[PDB]
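Everything below belongs to final-v5.txt, which stores compact mmCIF, C-alpha atoms.
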```txt
# COMPACT_ATOMS: atom_id res chain seq x y z
CA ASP A 144 104.88 124.59 138.48
CA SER A 145 108.51 123.35 138.84
CA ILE A 146 109.78 126.63 140.35
CA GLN A 147 107.35 126.16 143.30
CA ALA A 148 109.23 123.08 144.42
CA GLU A 149 112.86 124.20 144.01
CA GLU A 150 114.76 123.83 147.28
CA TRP A 151 116.06 127.40 146.91
CA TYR A 152 112.74 129.05 146.00
CA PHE A 153 110.72 130.49 148.87
CA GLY A 154 107.76 131.82 146.93
CA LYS A 155 106.02 134.78 148.33
CA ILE A 156 107.82 135.12 151.65
CA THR A 157 108.36 138.77 152.62
CA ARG A 158 111.78 140.42 152.70
CA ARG A 159 111.56 140.58 156.46
CA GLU A 160 110.73 136.81 156.69
CA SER A 161 113.64 135.99 154.32
CA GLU A 162 115.98 137.93 156.64
CA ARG A 163 114.51 136.04 159.60
CA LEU A 164 115.45 132.70 157.89
CA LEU A 165 118.75 133.92 156.52
CA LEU A 166 120.11 135.79 159.53
CA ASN A 167 120.19 132.55 161.49
CA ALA A 168 123.67 132.02 162.80
CA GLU A 169 123.89 128.36 161.66
CA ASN A 170 123.90 129.61 158.05
CA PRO A 171 127.35 130.20 156.57
CA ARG A 172 127.82 133.42 154.58
CA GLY A 173 126.46 133.07 151.12
CA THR A 174 123.38 131.11 152.28
CA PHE A 175 120.64 132.26 149.95
CA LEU A 176 117.10 132.05 148.69
CA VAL A 177 115.10 133.29 145.75
CA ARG A 178 111.58 134.76 146.23
CA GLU A 179 109.07 136.97 144.46
CA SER A 180 109.96 140.70 144.84
CA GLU A 181 107.40 142.24 147.29
CA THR A 182 107.77 145.76 145.90
CA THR A 183 108.23 145.13 142.11
CA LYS A 184 105.60 143.19 140.15
CA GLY A 185 107.02 140.46 137.97
CA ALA A 186 110.55 140.61 139.51
CA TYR A 187 112.24 138.21 141.98
CA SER A 188 114.71 138.74 144.67
CA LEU A 189 117.88 136.86 145.57
CA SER A 190 118.53 137.35 149.27
CA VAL A 191 122.02 136.42 150.41
CA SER A 192 123.45 136.22 153.93
CA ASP A 193 126.79 137.95 154.47
CA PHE A 194 128.97 139.17 157.37
CA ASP A 195 131.16 142.12 158.30
CA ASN A 196 132.50 143.30 161.67
CA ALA A 197 130.40 146.48 161.67
CA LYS A 198 126.91 145.59 160.38
CA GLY A 199 127.15 142.12 161.83
CA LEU A 200 125.43 139.28 159.99
CA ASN A 201 123.26 140.93 157.46
CA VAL A 202 121.38 140.11 154.29
CA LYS A 203 121.76 141.64 150.83
CA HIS A 204 118.78 141.59 148.50
CA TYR A 205 119.31 141.66 144.65
CA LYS A 206 116.39 142.19 142.36
CA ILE A 207 116.24 139.67 139.51
CA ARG A 208 114.46 141.09 136.48
CA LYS A 209 112.84 139.11 133.69
CA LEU A 210 113.52 140.18 130.06
CA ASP A 211 110.81 139.99 127.40
CA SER A 212 112.81 137.11 125.77
CA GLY A 213 112.16 135.21 128.98
CA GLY A 214 115.65 135.52 130.47
CA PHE A 215 116.66 136.89 133.86
CA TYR A 216 119.43 139.15 135.15
CA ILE A 217 120.90 140.94 138.15
CA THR A 218 123.74 142.77 136.23
CA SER A 219 124.65 143.79 132.62
CA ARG A 220 127.54 141.33 132.70
CA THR A 221 125.49 138.16 132.31
CA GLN A 222 121.86 137.10 131.70
CA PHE A 223 120.30 133.62 132.11
CA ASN A 224 117.51 131.59 130.53
CA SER A 225 116.15 130.49 133.93
CA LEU A 226 116.44 131.18 137.66
CA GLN A 227 117.94 127.70 137.96
CA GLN A 228 120.78 128.77 135.66
CA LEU A 229 121.22 132.09 137.50
CA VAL A 230 121.52 130.27 140.84
CA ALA A 231 123.92 127.70 139.37
CA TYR A 232 126.04 130.50 137.91
CA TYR A 233 126.30 132.68 141.02
CA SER A 234 127.01 129.53 142.99
CA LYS A 235 130.27 129.42 140.99
CA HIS A 236 131.06 133.19 140.72
CA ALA A 237 130.03 136.11 142.85
CA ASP A 238 130.65 138.52 139.92
CA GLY A 239 129.44 141.60 141.71
CA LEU A 240 127.33 139.83 144.43
CA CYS A 241 128.53 140.13 148.02
CA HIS A 242 129.46 136.43 148.03
CA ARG A 243 129.28 133.32 145.88
CA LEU A 244 125.99 131.46 146.67
CA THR A 245 126.95 128.58 149.04
CA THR A 246 124.22 127.03 151.23
CA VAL A 247 120.57 126.86 150.07
CA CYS A 248 118.53 128.34 152.96
CA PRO A 249 116.94 125.52 155.01
CA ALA B 148 118.90 143.05 163.79
CA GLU B 149 115.45 144.45 164.90
CA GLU B 150 112.45 142.99 163.01
CA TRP B 151 111.07 146.52 162.39
CA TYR B 152 114.31 147.89 160.98
CA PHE B 153 114.06 147.74 157.14
CA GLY B 154 117.47 149.40 156.52
CA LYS B 155 117.88 151.34 153.26
CA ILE B 156 114.51 150.66 151.71
CA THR B 157 113.20 153.89 150.20
CA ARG B 158 110.20 156.09 151.01
CA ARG B 159 108.38 154.74 147.98
CA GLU B 160 109.38 151.16 148.86
CA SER B 161 108.12 151.54 152.46
CA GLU B 162 104.80 152.80 151.17
CA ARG B 163 104.55 149.88 148.76
CA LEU B 164 105.24 147.54 151.71
CA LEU B 165 103.14 149.19 154.40
CA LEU B 166 100.09 149.46 152.21
CA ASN B 167 100.65 146.03 150.62
CA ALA B 168 98.42 143.62 152.54
CA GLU B 169 95.39 143.54 154.77
CA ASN B 170 97.59 145.35 157.16
CA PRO B 171 95.89 147.29 159.95
CA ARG B 172 96.48 150.96 160.76
CA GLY B 173 99.60 151.36 162.83
CA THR B 174 101.70 148.93 160.76
CA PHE B 175 105.15 150.47 160.63
CA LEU B 176 108.85 150.12 159.99
CA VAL B 177 112.02 152.13 160.63
CA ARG B 178 114.45 152.84 157.70
CA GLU B 179 117.55 155.01 157.04
CA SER B 180 116.41 158.59 156.14
CA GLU B 181 116.81 159.39 152.44
CA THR B 182 116.81 163.14 153.05
CA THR B 183 119.07 163.46 156.10
CA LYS B 184 122.31 161.76 157.00
CA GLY B 185 122.51 159.88 160.34
CA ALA B 186 118.78 160.09 160.93
CA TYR B 187 116.14 157.41 160.44
CA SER B 188 112.59 157.59 159.19
CA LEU B 189 109.57 156.00 160.81
CA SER B 190 106.88 155.06 158.36
CA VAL B 191 103.35 154.21 159.71
CA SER B 192 100.11 153.34 157.97
CA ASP B 193 97.04 155.32 158.81
CA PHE B 194 93.43 155.58 157.73
CA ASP B 195 91.20 158.60 157.36
CA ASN B 196 87.98 159.21 155.49
CA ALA B 197 89.27 161.66 152.94
CA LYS B 198 92.59 159.91 152.25
CA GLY B 199 91.65 156.33 152.91
CA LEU B 200 94.74 154.34 153.81
CA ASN B 201 97.93 156.36 153.63
CA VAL B 202 101.45 156.33 155.02
CA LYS B 203 102.91 158.99 157.27
CA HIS B 204 106.61 159.50 157.60
CA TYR B 205 108.38 160.90 160.67
CA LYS B 206 112.02 161.84 160.80
CA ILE B 207 113.91 160.43 163.70
CA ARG B 208 116.75 162.79 164.51
CA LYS B 209 119.96 161.66 166.23
CA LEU B 210 121.40 163.86 169.00
CA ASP B 211 125.15 164.47 169.34
CA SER B 212 125.15 162.69 172.70
CA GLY B 213 123.67 159.53 171.12
CA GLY B 214 119.87 159.58 171.59
CA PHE B 215 116.87 160.06 169.25
CA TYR B 216 113.65 162.00 168.92
CA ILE B 217 110.70 162.84 166.72
CA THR B 218 109.28 165.51 169.11
CA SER B 219 110.33 167.58 172.15
CA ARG B 220 107.94 165.69 174.43
CA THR B 221 110.22 162.65 174.92
CA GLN B 222 113.71 161.60 173.83
CA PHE B 223 115.30 158.15 173.97
CA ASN B 224 118.74 156.84 174.70
CA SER B 225 118.39 154.22 171.92
CA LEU B 226 116.30 153.69 168.82
CA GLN B 227 114.62 150.54 170.18
CA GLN B 228 113.32 152.42 173.24
CA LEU B 229 111.77 154.97 170.83
CA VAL B 230 109.91 152.19 169.05
CA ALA B 231 108.94 150.50 172.30
CA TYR B 232 107.59 153.87 173.69
CA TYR B 233 105.54 154.73 170.61
CA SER B 234 104.08 151.21 170.50
CA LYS B 235 102.34 152.10 173.73
CA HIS B 236 101.87 155.92 173.27
CA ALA B 237 101.02 157.60 169.93
CA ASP B 238 101.77 161.10 171.33
CA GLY B 239 101.39 163.05 168.09
CA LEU B 240 101.95 160.13 165.63
CA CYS B 241 98.90 159.10 163.52
CA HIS B 242 98.59 155.89 165.45
CA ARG B 243 100.59 153.84 167.94
CA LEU B 244 103.28 151.63 166.45
CA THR B 245 101.34 148.43 166.79
CA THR B 246 102.11 145.89 163.96
CA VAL B 247 105.64 145.47 162.65
CA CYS B 248 105.52 145.48 158.77
CA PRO B 249 105.26 141.79 157.83
```

Take the structure in this file and express it as structure tokens.
Amino acid sequence: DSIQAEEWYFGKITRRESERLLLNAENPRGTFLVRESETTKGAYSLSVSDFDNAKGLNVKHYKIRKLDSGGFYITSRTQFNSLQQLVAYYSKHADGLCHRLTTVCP
Amino acid sequence: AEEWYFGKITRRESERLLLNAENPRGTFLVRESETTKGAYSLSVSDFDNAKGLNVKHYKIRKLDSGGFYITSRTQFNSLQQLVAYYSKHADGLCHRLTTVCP
């Protein structure tokens, strides 16, 4: 389906594999990718690269839950009718995330 | 940085992960201890006839001078040396640390 081919969706890659792709030093902070959650059925995960001078480059993982209406959310502040709309939103506003989403993981 | 370090995932999460594949015995990861500050926890899959596949958890204590241990037999000056040692020598663990959790 459409989601399978989104440039930012990485399907069933593991959290460890997403950190392997995201921790690459070429990536600016806020490089991200969406994937299925490995440990929660039916949820997704937004993994975001970030940096601090103590953990080094690191990745933060945010569960994305799906509501019975069909929407999605990470926080109580905002919900979205699609992952596409969630990504578009957090590309414009961190709003609790470690960083605004900037580069789509290559 | 290490591919086997899974950071703050939980005990339950590690068990979901370590058991969630066609993962052999001896698949493992290291994570921050939930129960004890400063320590880590080594989680390793195992198989036995009564339990079937199951996960064992081993505290990794941190010494004041900097090193780490799980038993009195050997201690390590870093956490990576611990992992490297137990990949070659089970020494009391259920199995050697052979496959990093995918």

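Selection around (105.9, 157.8, 157.9) with radius 10 Å, counting all atoms listed in the file, yields the residues residues 158, 161, 162, 165, 175, 176, 177, 178, 188, 189, 190, 191, 192, 193, 201, 202, 203, 204, 205, 206, 240 and 241 of chain B.
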
Contacts of chain B with chain A up to 8 Å, shortest pair per row, only C-alpha atoms, as JSON lines:
```
{"residue": "B:148", "atom": "CA", "partner": "A:201", "partner_atom": "CA", "distance": 8.0}
{"residue": "B:150", "atom": "CA", "partner": "A:159", "partner_atom": "CA", "distance": 7.0}
{"residue": "B:153", "atom": "CA", "partner": "A:159", "partner_atom": "CA", "distance": 7.6}
{"residue": "B:160", "atom": "CA", "partner": "A:182", "partner_atom": "CA", "distance": 6.4}
{"residue": "B:163", "atom": "CA", "partner": "A:182", "partner_atom": "CA", "distance": 6.0}
{"residue": "B:164", "atom": "CA", "partner": "A:182", "partner_atom": "CA", "distance": 6.6}
{"residue": "B:249", "atom": "CA", "partner": "A:159", "partner_atom": "CA", "distance": 6.6}
```

Store the residues picked out above in a file with C-alpha atoms, as a PDB file, in the coordinates of the input.
```pdb
ATOM      1  CA  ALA B 148     118.900 143.050 163.790  1.00  0.00           C
ATOM      2  CA  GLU B 150     112.450 142.990 163.010  1.00  0.00           C
ATOM      3  CA  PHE B 153     114.060 147.740 157.140  1.00  0.00           C
ATOM      4  CA  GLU B 160     109.380 151.160 148.860  1.00  0.00           C
ATOM      5  CA  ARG B 163     104.550 149.880 148.760  1.00  0.00           C
ATOM      6  CA  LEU B 164     105.240 147.540 151.710  1.00  0.00           C
ATOM      7  CA  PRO B 249     105.260 141.790 157.830  1.00  0.00           C
TER       8      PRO B 249
END
```

A:188, A:167, A:196, A:245: which is nearest residue 226 of chain A, counting only C-alpha atoms?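 Of A:188, A:167, A:196, A:245, the one nearest residue 226 of chain A is A:188, counting only C-alpha atoms.
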
Neighbours of point (105.6, 134.6, 144.2) within 7 Å, using all atoms listed in the file, written as a PDB file with C-alpha atoms, in the frame of the given file:
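Written file, part19.pdb:
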```
ATOM      1  CA  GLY A 154     107.760 131.820 146.930  1.00  0.00           C
ATOM      2  CA  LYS A 155     106.020 134.780 148.330  1.00  0.00           C
ATOM      3  CA  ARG A 178     111.580 134.760 146.230  1.00  0.00           C
ATOM      4  CA  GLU A 179     109.070 136.970 144.460  1.00  0.00           C
TER       5      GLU A 179
END
```

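If all atoms listed in the file are the atoms counted, then among A:149, A:193, A:211, A:169 the closest residue to residue 244 of chain A is A:193.
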
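Computed from the coordinates, the atom CA of residue 171 of chain A to atom CA of residue 248 of chain A distance equals 9.7 Å.
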
Find the spatial neighbours of residue 242 of chain A, counting all atoms listed in the file, within a cut-off of 12 Å - ignore same-chain residues fewer than 5 positions away - and output them as an NGL selection string. :A and (171-175 or 189-195 or 202-205 or 233-237)

re atom CA of residue 245 of chain B and atom CA of residue 173 of chain B: distance 5.2 Å

Applying 12 Å and all atoms listed in the file, which residues near residue 223 of chain A remain after dropping the ones on its own chain fewer than 2 positions away? List them as a PyMOL selection string. chain A and resi 207-210+212-221+225-233

For residue 212 of chain B, which of B:246, B:239, B:225, B:200 is the closest residue, counting only C-alpha atoms?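 With only C-alpha atoms as the atom set, the closest residue is B:225.
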
Suppose you want the space between atom CA of residue 148 of chain A and atom CA of residue 168 of chain B; what is it in Å?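 If I compute the distance from atom CA of residue 148 of chain A to atom CA of residue 168 of chain B, I get 24.6 Å.
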
Quick test: take chain B, keep C-alpha atoms, and write it as a PDB file, in the first residue's frame.
```
ATOM      1  CA  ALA B 148      27.590   3.482  20.116  1.00  0.00           C
ATOM      2  CA  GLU B 149      28.003  -0.366  20.487  1.00  0.00           C
ATOM      3  CA  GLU B 150      25.555  -2.451  18.394  1.00  0.00           C
ATOM      4  CA  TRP B 151      24.684  -4.584  21.455  1.00  0.00           C
ATOM      5  CA  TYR B 152      23.940  -1.633  23.706  1.00  0.00           C
ATOM      6  CA  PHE B 153      20.124  -1.102  23.707  1.00  0.00           C
ATOM      7  CA  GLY B 154      20.185   1.783  26.239  1.00  0.00           C
ATOM      8  CA  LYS B 155      17.076   2.255  28.399  1.00  0.00           C
ATOM      9  CA  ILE B 156      14.896  -0.447  26.930  1.00  0.00           C
ATOM     10  CA  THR B 157      13.151  -2.278  29.776  1.00  0.00           C
ATOM     11  CA  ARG B 158      13.368  -5.857  31.054  1.00  0.00           C
ATOM     12  CA  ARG B 159      10.034  -6.634  29.442  1.00  0.00           C
ATOM     13  CA  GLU B 160      11.092  -4.892  26.203  1.00  0.00           C
ATOM     14  CA  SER B 161      14.371  -6.858  26.045  1.00  0.00           C
ATOM     15  CA  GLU B 162      12.463 -10.093  26.450  1.00  0.00           C
ATOM     16  CA  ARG B 163      10.046  -9.080  23.701  1.00  0.00           C
ATOM     17  CA  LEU B 164      13.069  -8.352  21.471  1.00  0.00           C
ATOM     18  CA  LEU B 165      15.300 -11.294  22.362  1.00  0.00           C
ATOM     19  CA  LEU B 166      12.556 -13.828  21.931  1.00  0.00           C
ATOM     20  CA  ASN B 167      11.095 -12.076  18.857  1.00  0.00           C
ATOM     21  CA  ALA B 168      12.540 -13.895  15.849  1.00  0.00           C
ATOM     22  CA  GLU B 169      14.138 -17.150  14.849  1.00  0.00           C
ATOM     23  CA  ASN B 170      16.907 -16.014  17.043  1.00  0.00           C
ATOM     24  CA  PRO B 171      19.319 -18.673  18.309  1.00  0.00           C
ATOM     25  CA  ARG B 172      20.232 -19.260  21.957  1.00  0.00           C
ATOM     26  CA  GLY B 173      22.878 -16.808  23.056  1.00  0.00           C
ATOM     27  CA  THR B 174      21.248 -13.776  21.382  1.00  0.00           C
ATOM     28  CA  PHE B 175      21.807 -10.911  23.785  1.00  0.00           C
ATOM     29  CA  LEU B 176      21.901  -7.210  24.467  1.00  0.00           C
ATOM     30  CA  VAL B 177      23.152  -4.876  27.202  1.00  0.00           C
ATOM     31  CA  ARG B 178      20.757  -2.225  28.687  1.00  0.00           C
ATOM     32  CA  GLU B 179      20.718   0.243  31.633  1.00  0.00           C
ATOM     33  CA  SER B 180      19.618  -1.631  34.827  1.00  0.00           C
ATOM     34  CA  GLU B 181      16.072  -0.773  35.907  1.00  0.00           C
ATOM     35  CA  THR B 182      16.672  -1.902  39.488  1.00  0.00           C
ATOM     36  CA  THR B 183      20.104  -0.427  40.225  1.00  0.00           C
ATOM     37  CA  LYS B 184      21.622   2.916  39.397  1.00  0.00           C
ATOM     38  CA  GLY B 185      24.931   2.988  37.460  1.00  0.00           C
ATOM     39  CA  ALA B 186      24.778  -0.704  36.642  1.00  0.00           C
ATOM     40  CA  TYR B 187      23.779  -2.381  33.388  1.00  0.00           C
ATOM     41  CA  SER B 188      21.855  -5.541  32.694  1.00  0.00           C
ATOM     42  CA  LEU B 189      22.852  -8.270  30.273  1.00  0.00           C
ATOM     43  CA  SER B 190      19.917 -10.093  28.790  1.00  0.00           C
ATOM     44  CA  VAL B 191      20.555 -13.451  26.960  1.00  0.00           C
ATOM     45  CA  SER B 192      18.213 -15.946  25.362  1.00  0.00           C
ATOM     46  CA  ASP B 193      18.430 -19.535  26.406  1.00  0.00           C
ATOM     47  CA  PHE B 194      16.667 -22.811  25.758  1.00  0.00           C
ATOM     48  CA  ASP B 195      15.872 -25.670  28.096  1.00  0.00           C
ATOM     49  CA  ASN B 196      13.402 -28.519  27.927  1.00  0.00           C
ATOM     50  CA  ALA B 197      11.162 -27.483  30.764  1.00  0.00           C
ATOM     51  CA  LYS B 198      11.138 -23.747  30.003  1.00  0.00           C
ATOM     52  CA  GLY B 199      11.587 -23.790  26.266  1.00  0.00           C
ATOM     53  CA  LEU B 200      13.080 -20.508  25.117  1.00  0.00           C
ATOM     54  CA  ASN B 201      13.533 -18.001  27.923  1.00  0.00           C
ATOM     55  CA  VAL B 202      15.578 -14.933  28.750  1.00  0.00           C
ATOM     56  CA  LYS B 203      18.077 -14.701  31.573  1.00  0.00           C
ATOM     57  CA  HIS B 204      19.129 -11.409  33.034  1.00  0.00           C
ATOM     58  CA  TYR B 205      22.485 -10.694  34.681  1.00  0.00           C
ATOM     59  CA  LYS B 206      23.328  -7.538  36.546  1.00  0.00           C
ATOM     60  CA  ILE B 207      26.539  -5.913  35.532  1.00  0.00           C
ATOM     61  CA  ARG B 208      27.898  -4.029  38.515  1.00  0.00           C
ATOM     62  CA  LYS B 209      30.206  -1.013  38.177  1.00  0.00           C
ATOM     63  CA  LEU B 210      33.213  -0.773  40.529  1.00  0.00           C
ATOM     64  CA  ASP B 211      34.284   2.535  42.094  1.00  0.00           C
ATOM     65  CA  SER B 212      37.569   2.388  40.195  1.00  0.00           C
ATOM     66  CA  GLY B 213      35.726   2.145  36.851  1.00  0.00           C
ATOM     67  CA  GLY B 214      35.449  -1.551  35.858  1.00  0.00           C
ATOM     68  CA  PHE B 215      32.561  -4.063  35.655  1.00  0.00           C
ATOM     69  CA  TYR B 216      31.614  -7.575  36.690  1.00  0.00           C
ATOM     70  CA  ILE B 217      28.879 -10.168  36.834  1.00  0.00           C
ATOM     71  CA  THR B 218      30.947 -12.684  38.904  1.00  0.00           C
ATOM     72  CA  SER B 219      34.135 -12.818  41.007  1.00  0.00           C
ATOM     73  CA  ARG B 220      35.897 -14.998  38.433  1.00  0.00           C
ATOM     74  CA  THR B 221      36.823 -12.114  36.080  1.00  0.00           C
ATOM     75  CA  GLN B 222      36.433  -8.327  36.052  1.00  0.00           C
ATOM     76  CA  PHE B 223      36.883  -5.923  33.145  1.00  0.00           C
ATOM     77  CA  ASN B 224      38.269  -2.462  32.755  1.00  0.00           C
ATOM     78  CA  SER B 225      35.471  -1.559  30.296  1.00  0.00           C
ATOM     79  CA  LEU B 226      32.019  -2.807  29.399  1.00  0.00           C
ATOM     80  CA  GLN B 227      33.028  -3.790  25.851  1.00  0.00           C
ATOM     81  CA  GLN B 228      35.768  -6.103  27.151  1.00  0.00           C
ATOM     82  CA  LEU B 229      33.106  -7.808  29.319  1.00  0.00           C
ATOM     83  CA  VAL B 230      30.991  -8.472  26.251  1.00  0.00           C
ATOM     84  CA  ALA B 231      33.992  -9.541  24.185  1.00  0.00           C
ATOM     85  CA  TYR B 232      35.095 -11.992  27.003  1.00  0.00           C
ATOM     86  CA  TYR B 233      31.672 -13.580  27.454  1.00  0.00           C
ATOM     87  CA  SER B 234      31.275 -13.981  23.680  1.00  0.00           C
ATOM     88  CA  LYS B 235      34.101 -16.477  23.903  1.00  0.00           C
ATOM     89  CA  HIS B 236      33.556 -17.864  27.480  1.00  0.00           C
ATOM     90  CA  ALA B 237      30.119 -18.492  29.050  1.00  0.00           C
ATOM     91  CA  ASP B 238      31.640 -18.996  32.546  1.00  0.00           C
ATOM     92  CA  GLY B 239      28.390 -19.271  34.495  1.00  0.00           C
ATOM     93  CA  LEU B 240      26.088 -17.488  31.966  1.00  0.00           C
ATOM     94  CA  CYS B 241      23.423 -19.697  30.276  1.00  0.00           C
ATOM     95  CA  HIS B 242      25.249 -19.484  27.003  1.00  0.00           C
ATOM     96  CA  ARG B 243      28.076 -17.504  25.424  1.00  0.00           C
ATOM     97  CA  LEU B 244      27.143 -14.092  24.090  1.00  0.00           C
ATOM     98  CA  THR B 245      27.092 -15.117  20.481  1.00  0.00           C
ATOM     99  CA  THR B 246      24.466 -13.174  18.386  1.00  0.00           C
ATOM    100  CA  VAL B 247      23.869  -9.481  18.995  1.00  0.00           C
ATOM    101  CA  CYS B 248      20.045  -8.869  19.180  1.00  0.00           C
ATOM    102  CA  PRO B 249      19.064  -7.935  15.605  1.00  0.00           C
TER     103      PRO B 249
END
```
